[PDB]
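This document opens with one chain alone, in structure tokens, the form deposited in one PDB entry.
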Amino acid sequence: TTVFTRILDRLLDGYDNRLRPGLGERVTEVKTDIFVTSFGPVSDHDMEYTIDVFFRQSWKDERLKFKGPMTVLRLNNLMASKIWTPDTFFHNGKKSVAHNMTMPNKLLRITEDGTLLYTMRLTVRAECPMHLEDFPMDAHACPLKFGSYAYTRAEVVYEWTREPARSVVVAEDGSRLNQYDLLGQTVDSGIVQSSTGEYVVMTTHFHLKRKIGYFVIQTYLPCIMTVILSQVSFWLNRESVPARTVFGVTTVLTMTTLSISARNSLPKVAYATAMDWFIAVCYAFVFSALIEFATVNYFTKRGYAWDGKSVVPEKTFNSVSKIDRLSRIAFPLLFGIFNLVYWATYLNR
């Protein structure tokens, strides 16, 4: 039993965790891979996403070579605080969580040649800038960049453990996305330049496409039904002024409620989205159908409708409005054309 205690004591005896391996002699090379155990929700309001990972790092440290009856020491994560580890931080990382239940969710493994494996379980919240002009038919590439905070590229360089595509792996059942699809990930690396030197940065982009199904049910269908409802008043007789006024006013006010309730999901951006343009055109169609009736009412001479027992000699009775007859065709046709142009504009692109 004491054989392994003497090995660990010898490893730390004279060890200086203030100094990186190979300091003053070479560049510390850190191998890195990420296992995404879950891809958490994307927050449109905060323009950020959550991701739970096993952040694996590996590097060589000749000070920790040993000879014993084992080739790998699978040690308690208490040991990792006694040795030098990379100071990796996420460049676009917001408040992230290191899991501590029931113990620090870290593992340290030392092989006999000095190679270290150091993985931790993190909940990472990272900024994802979004261009919501195509919402809800938008797509995003949410980045995840990390690298050393303190060591320039002449001291610490990061590389992927395997081929870059295979170095970030997402669990099959880990998708915690509700209104997005994970199309895939792009893995790259580069150099970031600051006022304090040049730093290696490792980049992963997750490609997310919003799923439009929720917004078809809650926004597009009520908008389409409201526009269809507003064109119903074209078929009523021109003498039903209270009836055709309620049609126009109710549908205009309904589109007002829909428009205000539509942006409650989004951050309060200052540009118009694809949903705003659809609602605006739906507002124009609904508003014009009420304006159409006002023009019809302006040319209505008699306040009584046809009594049902008299032939109109084309007392006297008002005729069916030509504006009403033309609106029965023009309004459905123009709204049908708008839908064709709107959906082909955004679904194709």
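Sequential numbering from 1, following the sequence displayed. Between two forms, the rigid core is defined as the largest C-alpha subset superposing within 1.5 Å.
Not pictured, yet referred to below: the form deposited in another entry.
Chemist: Tell me, with the core superposed, which single residue in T161, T186, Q193, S240 has its C-alpha moved by at least 2 Å between the shown form and the other one.
Modeler: Once the cores are aligned, the residue moving by 2 Å or more is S240.
Chemist: Taking the rigid core as the superposition reference, indicate whether the CA of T119 shifts 2 angstroms or more between the shown form and the other one.
Modeler: No; that C-alpha moves by less than 2 Å between the shown form and the other one.
Chemist: Has the Cα of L266 moved 2 Å or more between the shown form and the other one, judged after a core fit?
Modeler: Where the cores coincide, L266 still shows a C-alpha shift between the shown form and the other one that is 2 Å or more.
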